[PDB]
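In what follows, every heavy atom counts, from backbone to side chain, and hydrogens, waters and symmetry copies are set aside. For reference, positions follow the sequence shown, starting with 1. Every number for a ligand or one of its atoms is a count from 1 in the order of the listing.
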Amino acid sequence: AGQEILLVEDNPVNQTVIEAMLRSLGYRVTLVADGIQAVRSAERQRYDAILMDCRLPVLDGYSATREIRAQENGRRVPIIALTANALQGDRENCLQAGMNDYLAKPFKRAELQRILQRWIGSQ
Ligand SMILES: [Ca+2]
């Protein structure tokens with residue numbers, strides 16, 4: 001049970017931690033580890049929200065997000081960027097792709113809770 005979150009995160013410990021935080025807030029989680037599978041996973045299912053890590057192994061968050069936004073169900077799904085480098089490049093790249101919001105790493109469980117409730121708490 002719970003709204004379905006697509007988590008796009010390549011680092012193993014962040015996968016562990018963020019998937020656990022999401023499940024601790026009642027969410028279902030689908031984990032992908034790069035931009036390309038994020039694009040596929042978003043075109044094959046309607047998520048309630050997508051958490052897009054900015055820096056990924058092969059296809060980064062900017063390009064992945066532009067691809068999802070060009071899908072007819074992807075035009076409108078909330079996409080929240082995860083950034084460790086807002087002022088070291090991500091505001092000049094990832095964050096311009098058509099995000100609803102962003103979360104700065106390292107982030108608290110409460111901060112994750114508050115950004116998701118903002119975007120999908122009313123629906
Ligand atoms: Ca990363």
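Of the residues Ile5, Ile79, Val32, the one that meets the side-chain contact (heavy atoms from CB on, under 4.5 Å) test with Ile50 is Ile79.
Between the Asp10 side chain and the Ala33 main chain, no donor and acceptor come within less than 3.5 Å of each other. Side-chain atoms of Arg28 do not come within 3.5 Å of backbone N or O of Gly2 as any donor-acceptor pair.
Excluding waters, the protein N/O/S atoms found under 3.0 Å from the Ca ion (ligand 1) are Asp10 OD1, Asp53 OD2, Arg55 O.
Residues satisfying the side chain to side chain donor-acceptor pair (under 3.5 Å) criterion with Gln123, sequence neighbours excluded, are absent altogether.
One finds no salt bridge joining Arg55 and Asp60 here, because no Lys/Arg side-chain nitrogen approaches an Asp/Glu carboxylate oxygen to under 4.0 Å.
Heavy atoms of other residues, nucleotides or ligands lying less than 6.0 angstrom from CD of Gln117 number 12 at most.
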